[PDB]
Every structure is written in structure tokens, then in C-alpha cells.
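Protein chains in written order, with the entry's author numbering: chain E, 73 to 266; chain D, 73 to 267; chain E', 73 to 266; chain D', 73 to 267; chain C, 73 to 265; chain B, 73 to 264, 269 to 274; chain C', 73 to 265; chain B', 73 to 264, 269 to 274; chain A, 73 to 267; chain A', 73 to 267. A prime marks a further copy of an entry chain. Where is the CB? At the ideal position from N, CA and C, for every residue including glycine. Read the structure below first, then the notes.
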Amino acid sequence: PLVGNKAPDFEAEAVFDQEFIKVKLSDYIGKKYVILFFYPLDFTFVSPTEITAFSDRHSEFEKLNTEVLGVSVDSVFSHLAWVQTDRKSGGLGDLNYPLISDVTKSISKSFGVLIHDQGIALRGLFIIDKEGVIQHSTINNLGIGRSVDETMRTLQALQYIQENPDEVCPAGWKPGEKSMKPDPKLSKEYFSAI
Amino acid sequence: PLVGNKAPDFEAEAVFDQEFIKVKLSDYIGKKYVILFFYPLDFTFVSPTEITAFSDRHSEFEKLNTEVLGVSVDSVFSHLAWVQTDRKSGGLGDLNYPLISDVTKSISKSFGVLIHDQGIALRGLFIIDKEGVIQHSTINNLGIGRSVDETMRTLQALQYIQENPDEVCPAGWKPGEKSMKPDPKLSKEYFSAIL
Amino acid sequence: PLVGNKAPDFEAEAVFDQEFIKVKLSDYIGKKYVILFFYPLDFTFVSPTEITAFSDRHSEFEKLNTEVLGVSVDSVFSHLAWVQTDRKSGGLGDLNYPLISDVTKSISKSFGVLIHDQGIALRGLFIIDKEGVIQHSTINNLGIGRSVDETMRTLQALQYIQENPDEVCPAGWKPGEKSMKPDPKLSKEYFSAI
Amino acid sequence: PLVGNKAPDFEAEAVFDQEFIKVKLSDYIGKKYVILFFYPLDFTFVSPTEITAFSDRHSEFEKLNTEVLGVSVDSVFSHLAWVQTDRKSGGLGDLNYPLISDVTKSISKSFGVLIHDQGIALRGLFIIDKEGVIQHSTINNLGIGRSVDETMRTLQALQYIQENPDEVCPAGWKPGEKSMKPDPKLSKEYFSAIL
Amino acid sequence: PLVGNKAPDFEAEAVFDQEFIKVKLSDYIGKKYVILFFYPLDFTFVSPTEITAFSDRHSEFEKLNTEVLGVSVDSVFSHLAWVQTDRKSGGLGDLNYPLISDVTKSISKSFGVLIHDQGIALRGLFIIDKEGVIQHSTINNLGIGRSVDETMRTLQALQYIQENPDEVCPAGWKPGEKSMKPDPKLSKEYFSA
Amino acid sequence: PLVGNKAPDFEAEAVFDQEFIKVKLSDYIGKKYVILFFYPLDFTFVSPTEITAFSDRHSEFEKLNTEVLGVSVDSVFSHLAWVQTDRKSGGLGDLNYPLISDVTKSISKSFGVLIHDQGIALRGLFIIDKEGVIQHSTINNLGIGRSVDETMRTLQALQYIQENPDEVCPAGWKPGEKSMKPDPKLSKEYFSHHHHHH
Amino acid sequence: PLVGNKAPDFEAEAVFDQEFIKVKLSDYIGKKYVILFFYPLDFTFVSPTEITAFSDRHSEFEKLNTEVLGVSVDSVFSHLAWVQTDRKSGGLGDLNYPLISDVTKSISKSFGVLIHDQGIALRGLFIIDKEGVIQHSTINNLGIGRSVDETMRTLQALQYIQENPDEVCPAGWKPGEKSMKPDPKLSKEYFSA
Amino acid sequence: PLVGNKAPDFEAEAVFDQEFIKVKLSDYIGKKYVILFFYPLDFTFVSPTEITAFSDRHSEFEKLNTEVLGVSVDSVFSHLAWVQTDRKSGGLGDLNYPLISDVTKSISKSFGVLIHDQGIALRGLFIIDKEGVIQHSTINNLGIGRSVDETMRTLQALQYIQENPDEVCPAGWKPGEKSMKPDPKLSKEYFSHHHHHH
Amino acid sequence: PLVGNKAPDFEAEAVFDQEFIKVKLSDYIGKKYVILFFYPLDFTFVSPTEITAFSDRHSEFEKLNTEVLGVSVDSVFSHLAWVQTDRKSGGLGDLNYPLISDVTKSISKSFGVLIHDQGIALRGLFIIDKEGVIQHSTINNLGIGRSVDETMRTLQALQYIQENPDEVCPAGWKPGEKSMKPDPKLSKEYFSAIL
Amino acid sequence: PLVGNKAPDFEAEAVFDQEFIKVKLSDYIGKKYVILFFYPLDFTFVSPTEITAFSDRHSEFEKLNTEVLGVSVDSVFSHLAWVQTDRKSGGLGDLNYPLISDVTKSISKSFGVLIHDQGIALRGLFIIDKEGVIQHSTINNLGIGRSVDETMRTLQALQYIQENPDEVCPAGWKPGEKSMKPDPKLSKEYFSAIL
């Protein structure tokens, strides 16, 4: 599986602050967590709500040492045209993170989210830790938007267990909730408490 | 990819009501939505919290015409032993849904959740509709527990767009929130309504 | 070669009069000549000048029983967004012919104009006769715009020799110019005249 | 595709000034632009009009640092026989550029213009820059003559954008017309200037 | 065949004294004989009688410089749960030897005891000498328990012929019985009696 | 694996009552249990003690509806020459069961007991039930003789659990000892002899 | 080998009487012997002497129920241009037999006369009987012209042995010379003389 | 094709002066032209007339720095038996050149004259120049004898154009007839013996 | 092995009574035993002595329902020339049996006696019964001639056991000698009389 | 073919003087001629007569620098049991040469005498010279015993021509008989004396 292993590296053109840049995924290793989400096409319907939802809460991810990266098979010129469209008109407005262009579809293919039939990507999202290892996947069919909240929760759980490597996070864990020690003897400390 | 296609069928033994039964995944086609979640091993730590979290809210899924199915590579005798252990002792107590045994590991293989190094499954969860099609995938590494709330949300979004085939669900959609029509002309109806 | 043989058939989504339609190339067989031109990407620079140039002279092609079809690897949503952009802003405005979407890149691949490196098509143009046979190719690198005039000339020559199957068109032939009979004995009638 | 890449090199005999010479395509790299055009056969009909049309305007290409090269599958003895036939008799008369013999058909094969059924080349024309890279392709079926004017236009556009690497040539561009900068911000300078 | 050759080596997790340890089979080479037995699954019926049967007599095997190793496809968490159950409740109680986990099933596969249809091992038992060579195999279908007595007999025969490499053991040989020299001329001393 | 599946069928010549006969293994299906044991070579040392040991107790197996079959890679002419040798001279004397000749070695090969290096069989023994399914394997290296007593115990346990299909035999079970009637709880929808075997 | 077997059939365009025709080699089966000769290229030097040499003596071959076919890799347009040139200007003038175009080079390839390096045929000549069988091959390198006399001699020998199938032709046989019967006992009549 | 390229080399036993010798074809390179002719079998009918015809005119070839070599699939013992047979009896008598034995048939095979159906060679003749390059081929079916006169003509034409490397021989050329000095117009940059050959 | 199986069939031209015939090996099945011997080459040295030895004793084989067949890779014309050569001159003289020509060497190849290095056959001899099955092979290197006496003995033993299918022939068996019954209990008749 | 080439080497256990030895065929190279004969099985019927026939005349072969080697697929224990059986009882009695055991059947396989159907060897016999090259093979089907006399004759002829490398042995050659020189002109000495 992809989860539990190093992410497939890529180097691609992207749009950031309405300028054309390059983004190399491995360049974030050692530096930040990465939330990499794919969406099907520019100028669609669920996709702008996801993209701007993540843009509006980007400060929360930046303060948690996490970068957000959006990817679709569109070119950087579609990306740029869409950034310059008003949100009220179905556009994106200005974005707080890079919009990555996968024109060759190799990135979507390497993450297993490419629908070969249609040449577009599913709504797949991947949380990558500072060592470059994929720790989480959410993959939705095209009609169902994802959740910034659940992405935030999963990310906080990952950072929590990586700072306290002797803990694991129970179902529904939030910051402030009790964790547990994955040990037949010490986990009882949790199981008695409830 | 798995999402967007018919689920790989299986027929496997399971523990239900402390009895041994058989479960065939395709038997739910035409009848119920399926939430199929894998966990690594019996007598572990995050896994019991996931299993009982879903069991305690099983009635809510039952009201939504959805069955929950837990799967791991352990045998049905380990499953039965774990159900008969108290929750206070790290056990499951009584379960409201079948615990399926993937003893040959073929089910985990077909859903791409098997860590071949270790012979156990990742924390993969799959939502399957009444036609047997996978519509949602959640896959966590072994240490991070999942969320029954987000599973409930995604399942409800799927049911909404399947009853209203002209709608799609925006980011963060919950029941009661506005959806939109995936049409460049009718989408403006949703878009020109956000201050 | 592609030229001299039946065009590779396709069925694809397209934008026409700002609506989503389907276009099947073989459906024009027996009905009209087809001028099929590929361009690299939506929201570029030479491409809008080519697309609108052909749009403005579309009546000349319609009166000659010829349809124009543009193709790129962009989706119909980019196509539609670009049609709804003003020409003064680098957009296309309203188009007189369909804009075809090759999201899977199979069409560009089958016509041999796909740059595999970049996932976009070269500036290839193909004139297809009423039997579906490719009779002409113009393929330019990305920086050089094509010519509506030379396309018109080549098309008029093709229709001329197909109406008078005993004639062929010399270099630079225009309507009104003398043709010749490709026959060792009758071609002399041309060669003496000049 | 051929366009956008280095041309397939060849070394072949040719007729020039009614003498037998050798021509190596890569020998023009670093020195001149190359217009390489194929024609099907000697002693035919459209082909002599193309060949002499280019010969009569050869001086214009020579002024543009460009050589013209004609190629067909005929031998150099047929080529020489055709040059020595009067134009009034369907011949070539004197030619200003080499006529290359593709007797083994390997050159036509490498440029994708060989009709394998018939063993002759289509009316393919290729523009090659000083680095040896194909920048333009014209391929006609056997009955439709080509245009020296459009070849001149495309060659001049190529030379313009290669001397001005920040420019691109719009549709129908001729020398003296405005070009544009392929940049979403600087392109508006061209676009907001057309009534 | 497996018997007569070096055992397929493995490194696996196991439960011993209610702790998780590692066991590498080649680590016993030069040190002890190994009695390596597979059983199908934890929390079953015949298997606990075999496992505890070997545990109760482990001192007899240890005095013979022999270690016992139990293996099944269950994880160490099932193994530990089963050890921490009393024998009266269907458990194993405390064991005198390691319970090995073959969670990937590769060990059962390499010893040819994996029923691929069912993903569990047959009741296969292997006697391995100090050089790491398989000398004996007992493989039962799931319903028939094995016998610690016959394992002890076979191990004693193997140890006898390895300490007296010029002897071989006749049918039913027990310590104290006559052996014979596998030689046409010297066997006659045995058959004449 | 071989155990748990139908035995590989064979048809071979054999020595019985000092005459050359044919034996087809599938012919015992429906009729008798089979104790099929291999030994490496004729005129050896452990092998005659095993062979005569089984012949001397053959009546006990006959009363249990069981036939014994010995197999080796020697020909029937070796088998007959060895049967006609006195036991005091290392021979077999007359035997109560057939001695099967595996000259082409395909039989040893199909049962996985052929040492390819040496062209002889290990001391493999196989207990086969009335449906032809191998239920037990004992495979010894060449120097260690087998036990007729343990073969009898395993055979008796197999016959017990097949006659009482709800029972299983614990470790070390002998006739007269308690068996086990396990009670895996299957639902009645599933209920219509697998799980009590583990 | 080609000699002794049916010729590779072909259908090709040719020039005859300054007109474009088609020639299919199997169309001559049952009707005429075929003298099929290849030459390298049109507008050369040895080749016209061979082509016109055969043309000037075509009546001698036609009286023997034999057609001559010339083949080169040039097109019919080169062929026609060369025919319409006078012999005094290096041309062929009018020809008594078809000039075949092997523009795809497949015919030369199938008769093994194609020099692949140069894309032209050697000076190969083949005599084909009324059943379509190759009976004789003459293959020269480019600088040595062939001989119409030896072609006539070989054709006359082949026709002789096919009309008298019990005879064979000795070395240098011409019409009027003694033949022999290929038989150990009847050959003696020949060798005794 | 064979013609225009170096001959396939061979080394074979042969009969010469009623003794067994060896012949290696590459040994003539730099030294003599070679007329290498195959015939199907010894003790036949067209073949002796060809063989004796070449032997009787061998001096004419010797004076032209040319060796003749006959080859067939028969052994040297057949060749010697046939040489020792009188010509009036269908034999060869003594020969002026070696008779080469192709018992393994590799020689006939390398020259493409082996009828695989029958294991014998067609009446193939090959003229090889001093550099070892085949310049001419005549291949007759088994019933048609070849012509020593035409071999002489072709050989003389080859020697002429190789001694006068600017000339070529028209159709039917004989010594004394006009040759041709063609004048293909190559540029002096290209000018430093191909094109006048066509 | 060849011995014990049907001989590889062939059809080949041969010389018999100084005439050309065809010989098909399977045509002797049911009719005669066959002694098929190969020799290396015509006009050699050991081979003529073998061939004439078999011809001189051919009547003894004919009375035993046996044909002799000699085979070498030479043609029928070499064979005929050699038959018409006097024995004092190294020839064969008149032959009582056919001389078969294996020009394509397929026969020598199928009986495994062809020296591929040299294209000739070894001194292999095969005794074939009326059913077409090879019962004996003798294969000598080129310098060691074979023995007609031993061929007659082997043939006579084969005919004996095929006439008395319950008997087998001990070492050195000749007509008049004791046979034995290949049975443990019946062979005692032969064994007990050993002196 | 095997005849004319180095024999396939082997190393095998054998019985000699009622002891177990090892025998390596290449160890006889340079030292002795080898008569290597296969027989089908121990305790059979033709085979003991062959084995004892060779043992009884072994001294004649020993004086000719020749060893005898018998081979069958039986084990050395069958071999020893058979040697220790009386000849009147179908046994061998004491043997003058080694009995080799081919239990894995590789030796019979490499000499082409193994009947794969039955796993036993044919009655194949091979004469091997001091250089290790097979010069003669006799292969009989199971019922026809071989001849020690013909083996001695073939061996004596081989030794004769290897001692006189300019001679070859005609058909039926025995010591004292005329040889011949395999040369067209020298063979006339033999041929001209034919009566």
C-alpha cells in the first residue's frame, strides 16, 4: 500500500501567488508535514469549495508546520485563469498555497487516484510526515466533498503520536482526549478509566 | 483505483452474537449500504476502541440502512475470545455487527490494505453502496484511530447524492446544509450566495 | 503515414454554442469536409489567435461544405470558461464551431501530435475529405501560428481535384489558375503554356 | 512526433550543377536553415512545378541563410536526365539547389513520408533550424501542389522567434506584423489592441 | 524432502514468560536439539492438550539438551491472551517454552505444513539436531493429537545414533534395547539373536 | 501438503506369498485403511526389523480392517530373494502383506520421500483412510527405526474420530482414555464436521 | 535455391509501345517461356546495350514462343522517358518487349538480385519455362554485360530437353549436336563416340 | 546476394593427380582467378562432359592466371574411382585440376546450390576474382550442360574491366570488340570506380 | 533407446540386381526379419569385405526369412559403379541384396550412426524382427569390421525366443544349447544343472 | 553418437571381492581397456549367465590389459547378496571384477541404455580404449544374451589396429587373419589376393 511508505516523489510546475513556480515533494522532507489533495478538474463545483475551504484555514496548518498542496491534471494556465476568477462566480480567488499542475498525469497515476477511463483524478487526500512517509488517505468519489475538520484531526493525531512515540490515538481522538500506551500491560490504564 | 468500482467480493466466516456465521459481501447488494472496516489484530489497543465505537452507534447506521462489518486476519476463535473479554479488560463485550475473519488474508489483499511485511491489515475503511460500488476510502497507519463521525458524514453525503442524483455535496457538507447542481449555469446559484 | 489514409475515428465531448455536446469524427463522413486542428493548451497565446481567426472566417468554410474542429487536451470546463472570456482579455468569445476536449490524450496520440514529454499537442492541422481520408497535414512547433489562408488554399485545391479527378494542382495553385492532367502526353499542354 | 526533435540524419548522393555530389544533412547544422522537401517521382507533373518554383525563388532563401533540398526515391541518373530536359518539355532545366536521391528509401522512411504500398514519397516538406531541429511539417497527398509563399512565411516566423526568443508569432503572422510575449501578463498588451 | 536437510531458518516473535521475545531457529545450532511443532489455531481444543502436554514434560526435554518451540499462524497478542487464561477456562496457563507467531504464514509454508485453503498449519512436528538438520517429521491431520511419548522415543533414538555414529536403531528401539551396526558382516550379530 | 488430501494413486508389481502380484492403491478405497510405509533398500539393517515387526503384528491390523503395504525402489526379484532369506541371516522370511517394488521411483517421488541424491526413499509412513485421504505422516531419517506401537495408536485414534464424527482425540490418546466432544457454537443457518477438529 | 522451383509471382506496371500496362508473371504459364532479366538503373551505360541487344533480336525469341521482360527499380516514368530518347542520345528507342518497374523493390528482392546497400538489382537473368519453373540463372556484377547468344543457347537446350524429356544436353550443346540419355546403360552410346 | 561479395571460404579434401590433397579457397586470393563449378553426382551423364570439357581447355585458363575447381557431394573415393574410369566408359580419365569432395554438403549449402530435397547440388558455376569476390553466377537445372565458351567470355570481360578500371564491357563483348569508357560527371570534391559500372 | 522400439521407417532408392529400385523398411513388417547395416563410404576398404561377406552368406539368411539391407550416404550411381567393379579391384561384384542410397543422410541420422563432423555413417548394424522392432544393434568404429557369424547367432537366438516365447537365451547361446525360462521357479531347471 | 567419442565419466559405488569400493571410469584411462556392460536387474535369468561367463574368462581379458565392469540399477546390497548366492541357486558366486550400482540411473541414462518405461537398463555393452573413447557398442534386448567370444574378437581387433595404426580389420577378422591398409593403392595388396 501507499500508506505506511515514502510518498512517490514528483517535481511539477505550480501556481503560487499568481506566479509560476516549481514544487518538488521531497523538498519538504525534514521541513514540514504535507497535506496533498487531488481534485478532478478546474472550473468544477465541489472542487472550488474544497480548494477555498483549505485556503481559508491555511493559517491553522501553517501554525502546525504543515503545507497544503492541491493537484489536478489541468495546466498552470487553467489554474491561473481560475485563481483570477471571483469566488462568487465559481472561481477560487487568491490562494494561500500552491496549485500543482499534473498535465502528464504521472502524479495522479503514482498515487493511484487516476481514473484511466476519464483521465482525471479522484478526490484523494494524503497526509505526509516530515520523513516523507504517507500516514493517511481519504479517497472520495467525485460527488462527495472532503472535510477540512477531519483532515485537521487526523493531522493532529499524527503529530501527537510522533511527538509521544509511546502513545496511540483511540477512535475519535481530539487534542485534550486521553491517549493510550499500546502495551498489553499499560493499555489497561486506559481501559479501566472508561 | 478501488474507489468508483464494484468491491472485490468475498465469502468468509464471522462471529456474530457469539456464534459462527458466514458473510458474503455481495449478499448486501440491493439491500443495504456496507461499511467495511479492517483492523490489524485482535487483543490490541486502538482497534478495540474503533470496534466498540462503531458498535455503540450501530443503531444509527441500522436506521440508515447500513451494515457495519469488521475484518482482520485473525481467526474466528480469536474473535470469539475477544468478544468474551470485558471491555474494561481491553475486550469487545457484546458486538452489534459481525466480526469477519480474513484468515487467508485474501480479503485484505483485494482491498489493498495488507502490509505484506507483517501479514496484517492497515486501518482501512470502505463505504459501499447498494449496488456494491466503493464510494469512499479511509486508510490510516496503525497508530491513528478513525472517526465514526466522519464515516457517518460521508455515508450521509453519499446517500443524499444518491437519492438526489442532480446534487453534489460541497466540502464539509452535513445534513441540512445546501448542496449544489454540478452544472456551470446552476452552480452560480450556490456560488453567488456566500458573503 | 496518416496522410492518404482514413482518419483515426474518435468520439469526444466538446463545447458548442456554450453547451456540452458530443462529436464523432466519422459522423461527418459523407456529409462534410473536416478541418481538424490541435492546439497545446487553453488560456495561452498563439492558440486564441488561431481559434478566433478560424471562428471569424467560419462562414467561408461552411459555404465550402467544411466544418472546423478544434482539439486540445483541456477539459470542456476550461473550454467553456475560455469561451466566456472576452477576446480583449486573451479569451475566445463566442465560437462558430465546436471546441473538442481530449482529456485522455488518445486523440492527440492517434494523430501523432502528442508531445509525450509535456502531455500537450503540437500545432497540427489535418484536412479530411468526405470519405474520411486525411489529405493534408500542417504541424508547427508551439511558437509558430498557422495560416487560415493556406488552409483555405489547400482545401480549395483538394475539392477542385476531387470534382475534376483528371486534374492535379501545380505549386501555388489558386482558384482561377490553370491545372494540369497528370499524363505524360496531356501534361505537355500545360508545360508549353509557360 | 518528428516536429520538435532533431531531424534523422542522412548521407546521400545528389545532383547539383549537373554533377554528382554527396549531401549530409547534419553538415548544415550550425550553418544554415534547411528546407527539405520530398516528391514522389521524376518525370511527373506537380513535382516539376514545385521543384522549379523553389528554384526560381532560391535566391530569396539564400538571402535568408537557408538551403533548399529536394528528395525523391529516384536515382541520380534519373535526376540528371530530368535536369537536362527542357522545362517546356516537363523537365527541370537548371536547378539552383541539390536534388537528393533516396534510392534505398531510408530517408523517406525516417521522415515518415514513404507510402510502403507504392514505394514512393508523399509531398512532405520539413523546415529544419540551424541546430538541426524540425520546426515545421507540411505533408500533402500526391495531387495537391505546395506553396512556396507559405513555406517562406513559416521559415520567416521561425527565424523571427529564434532571433527574438521572448516572442511568438500569431496566426497569419508576416514580417512587419505584431508578435506577442507568451506570458499571461504581457499577452494582454497584444490582446487589448484589436478592435 | 525436508527430512535429512537443514531446516528452513526463520526469525519470528514469540511469547515466553508473558513477554514478547524473538526466536531465530539457527541460534540453536551447536547448542540444543529443537522440537518444533505447529498447531492450527489458538483458542481451540486438541491444540491446548498438545501444548500443555509438552509444557508439563518440558523438564524431561531440557535435561536432554532439547528446546520445544510451538508455532501457529496467530499473532503474539492472541498467544499472550491464551497464556493469561487459566487451563480451567480453556486457556494454556504458563508455558515452559516459547510460543512462536507465524503471522505471515511463511514458516508454515517453508515447512510444508500450511493448508493454503484455510490459512492454518497442520499438526506437523519436526525434530532438529544440533547441526540444524531435520531428522524426523510427524504430521497429523487436525483431529488426531500427537504423542509426547513417541517424540521422546524418536529424540532418544536420534541422540543415541549421533553419540554412537556406528549404531542404528531398530524398530521400536528404546534406551536399553539392542542396536545394530549397519554393515552386512556386523549386522549378523544382531539377527542371530 | 500430502496430509489432508487423497493419496497419489499408483499401480505396481509386488511380492506376496512368494508370487508376483499387482497392487493398485485406489483399490482399497471403500474397503480398508492402508498403512503405506517406504524403506530405502533391500538387504539392509533397520528395514528388516521394521518389515518383520509389521508382519508379526499384521493380524492386529487385519482385525482393524487395515492393510499394510511396504514399498522400496528395489525390484520384485530383490524382494523375493530377500523374503526367501532367513530372518537370522538378516532376511525377511515369509510376510503377511505385499512388498511393493518402486523400480521407476515414481511412487517415492509422488509421496515426497525420494532422496534425489541417492535414489532411495526415506523411512516415510502414511496412514490412509477408507476414502483414500492421507491422515498421518511419519518420516524418519535412514538411521532411526519407526514404531509399530505408535502407528497402531494413531490408526486407532483416526478410526475412533471417524466412527464418532463429533469427537476428537487429545494428545497421547489411547483406547480407553477420554476423548473430547467440543462444542463450537455455529448458528442454525450455518449449521446446515469442521470446527471441532482444531 | 530459386533454380528448379516455381518463380516468385509478381504483378507490376510496365512500359510497352509507350503505354502503361500491367504484367503478371503467372499469366505466361501455359503460354510462353519467359526470359526475365534485371538491370540496375535507367539512363546508365551497360544496361542500354543489354536492353537494346535483346530488343533487336526479339523476333528470334518470339519465334521460339518466348517473351522477354526487363526489370529495374526505376518507375514507369523513368522507363518512358528513356524509351522516348533516341539511341544516339543515350536512350533506348522503341522496344519490342515490356520494361517492368520494380518501384517497391520487392521483385528484385524475391529473385535474390537486390543489392540492399544500394537499392538496385544485379544483372540477373532468369529463364522460366511454360510451367513457371526457373531453369537457368545468369547473375553478373554491374560491370560485365550479358550475352544474348548464351541466353539463346540455354533456352534452346531447355526447349530441346522438354520436348524430348528422355534426353539431356551435354556441355556446349547447340541444336544439331548429339544429346544423351541420362541412364547408366544408354549413356554408353554417347561416350563410345 | 552472393555475387558482388567475398566467396564463402571452405577447406576440403580433393583429388588431384590421383592423390588426396587439401584445397582452401581463400588460398587463391591475391594469386589466381577461380572458376568454381558444382555438379550433382559422380558417375552421371552431363557432369562428365562438363568436367572433361573444362580439363581439356584448362591450359587456356592457366595462361589467364585462372584455376578451375569442380565440387560435388561425393567423397574423394568416388572421385578417384571415377577419374580412373575411361572417358569412353563415361569416366573422367586424368584431370588437369582438383576435384573437390563436399561430403558434409556445407560447401554447396554456403553457395546456395544445394537441393535440400535430394542432397545434391545444382549445376552452379561461380567466377571469383583475385580478391576473392564472386563476380558471376551461372546456375543450371540438372539437365542442361553449361558452356566453357561462355565461361571464358565472362572471365575475359572481368579481367578486362579490372585491368582497365575505367572501362566496362557491353552486352556480348568479346576480346577485340569495343568497350565503353563512360564519363559520369562527379565533382572534384566528390571525385576524391563506382558510377561508370551501371 | 532404438533397441526395443519400432525402427524408424524410410523410403529410399537402392541398387538391386544392377537396377534402381525403391525400398521401404516398413514393407518388410510381417514378411521378413531385416538385417540393416550401415557402412561409411563406397570404394573404401573394410566396407567391401563386410558387404561381400554378407552377400556370400545371403542364402543362409534367406532360408531364415531374413533380408539384408546395406546403407551408406553414397548415391545409387556410386553404388552401381561399385557393384560393376571386380572384387579383386576393391569392388563388390554381384550382390545378393539391395544397396540403399542415403544421399540426404536422414536414414543414418534417424538410426543415430551419422558422424556429423564427417557426413558419413558408423559401422552400425541393426537386427529388426517381423514386427518392425529393433532387437539388436552393433555399432563399430570405422576401422573394426563386424562379424557375420555373430550376426547369425544373434538372429538365430531372436528367432528361437520368438518361436518359443517362454524361453530366453543365456550368454553365448547357439542352436542346440540349453535355453532357460525367465521365471524364479522355472529357471531352477537351468540353474541347478550348472557344473 | 557414443561410439567414437569419450565415454561419459562416472563415479559409483561397487562390489569387488565382497567389499564396497568406488569406481571412477576415467581412472582407467591410460591404464586399461574397459569392457563396460549393463544388465537389467539382479536375481534374474539371462544376466547371471552373462556375468559369470565374463567372470570365468576374466583372466584372458586381464592378460590383454582389460578390466570388466558390470552395471545395473540395483544397489550394492543387492549386488552383495547376489554375489553371496550360489550359482546353482541363480546366484553369481565369487566374481573376478567389480559389480557397479547405478541406483540413481544416471549411468544407464548417459549411455542411452535406460528403458525409461521400466527404470532398468538394456543389455548394452561398450568397449572403451585406454584413451577413454568408445570403439564398440553391442545393445541387445532383454531376452537375448550376449557373446563373450564376439567381445573378445572385437577387443582383439581394436588392440590390433591400435598397435598397428596403419592397418584396419576386415569382416570377421581374428588373430592370424590378413589385415589391410586403408589406402586406395595399398589396399590392393589385400584385394588382389581375393579367391
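Item to check | Beta bridge counterpart(s) of B/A153 as assigned by DSSP | outcome: Beta-bridge pairing links B/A153 to no other residue.
Checklist entry - Taking DSSP as the reference, what is the three-state secondary structure of B'/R225? => result Helix at B'/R225.
Checklist entry - Does the beta carbon of E'/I211 come closer than 8 Å to any beta carbon on chain D'? => result Output row for E'/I211: interface = yes.
Item to check | beta strand (DSSP E) segment containing C'/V118, residue limits | outcome: Here C'/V118 belongs to no beta strand (DSSP E); instead the alpha helix (DSSP H) covers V118 to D128.
Item to check | Range of the contiguous beta strand (DSSP E) that encloses E'/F198 | outcome: Counting along the chain, the beta strand (DSSP E) containing E'/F198 begins and ends at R195 to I200.
Next on the checklist: Does A'/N236 pass the burial test, meaning 16 or more other C-beta atoms within 10 Å, or should it be called exposed?
Outcome noted: The residue is exposed, with fewer than 16 neighbouring Cβ atoms inside 10 Å.
Next on the checklist: Measuring only from the beta carbon, is A/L267 closer than 7 Å to any heavy atom that is part of the ligand GTP?
Outcome noted: As presented, the structure is devoid of all ligands, the ligand GTP included, so that no description of it is given.
Checklist entry - Is the Cβ of D'/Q190 closer than 8 Å to any Cβ of chain C'? => result Yes, because at least one Cβ of chain C' sits closer than 8 Å to the Cβ of D'/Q190.
Next on the checklist: By alpha-carbon positions, which one of A/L136, A/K246 and A/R195 ends up nearest to A'/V220?
Outcome noted: Checking every option, the nearest Cα to that of A'/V220 belongs to A/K246.
Checklist entry - Does the stretch 167-181 of chain E' come close enough to the stretch 196-207 of chain D' that 3 or more CB-CB pairs lie under 8 Å? => result The answer is no - the stretch 167-181 of chain E' does not touch the stretch 196-207 of chain D', with fewer than three Cβ pairs under 8 Å.
Next on the checklist: Taking DSSP's pairing of strands, which residues face E/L186 in a bridge?
Outcome noted: Note: E/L186 sits in a beta bridge opposite E/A193.
Next on the checklist: Counting only Cβ-Cβ distances shorter than 7 Å, please list the residues of the stretch 240-258 of chain A near chain A', keeping chain order.
Outcome noted: The residues in question are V240, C241, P242, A243, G244, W245, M252 and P254.
Next on the checklist: Can you pull the chain C neighbours of B/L230, defined as C-beta to C-beta under 7 Å?
Outcome noted: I216, listed in chain order.
Checklist entry - Under a three-way DSSP split, which group does D/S251 fall into? => result It is coil, neither helix nor strand.
Checklist entry - My guess is that C/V148 and C/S119 are in contact by the Cβ rule of under 8 Å, so how many angstroms apart are they, rounded? => result Under the criterion of beta carbons closer than 8 Å, C/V148 and C/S119 do not qualify as touching, at roughly 16 Å.
Item to check | For A/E235: DSSP bridge partner residues | outcome: For A/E235, which the question treats as bridged, DSSP gives no partner whatsoever.
Checklist entry - Short check: CB of C/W154 to CB of C/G142, under 8 Å? => result For the pair C/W154 and C/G142, the CB atoms are not nearer than the 8 Å cut-off.
Checklist entry - Can you list, in chain order, the residues of the stretch 97-116 of chain C whose Cβ is nearer than 8 Å to any Cβ on chain D? => result Of all residues in the stretch 97-116 of chain C, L113, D114, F115 and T116 have a Cβ within less than 8 Å of some Cβ in chain D.
Checklist entry - Interface residues of chain H around E'/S264 at Cβ under 7 Å? => result As a matter of chain content, chain H is missing from the structure shown, whose protein chains are E, D, E', D', C, B, C', B', A and A'.
Checklist entry - What residues in its chain sit with their C-beta under 8 Å from that of residue 62 of chain C, if we drop five residues either side in the sequence? => result Since the first residue of chain C shown is 73 and the last is 265, residue 62 of chain C is not available in this structure.
Item to check | Whole-angstrom distance between B/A125 and B/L113, CA atom to CA atom | outcome: Approximately 17 Å between the Cα atoms of the pair.
Checklist entry - Going by DSSP, which residues form a beta bridge with A/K78? => result Beta-bridge annotation (DSSP): A/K78 is paired with A/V205.
Checklist entry - So what does B'/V175 bridge to, in DSSP terms? => result Bridge partners of B'/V175: none, in fact.
Checklist entry - At a Cβ cut of 8 Å, what residues of the stretch 150-176 of chain A' count as close to chain B, listed as they run along the chain? => result Cβ contacts with chain B: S150, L152, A153, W154, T157, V175 and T176.
Item to check | chain D' contact residues for E'/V220, given Cβ-Cβ distances below 8 Å | outcome: Correct list: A243 and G244.
Next on the checklist: Mapping the DSSP letters down to three states, classify D'/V145 as helix, strand or coil.
Outcome noted: Of the three classes helix, strand and coil, the one that applies to D'/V145 here is coil, per DSSP.
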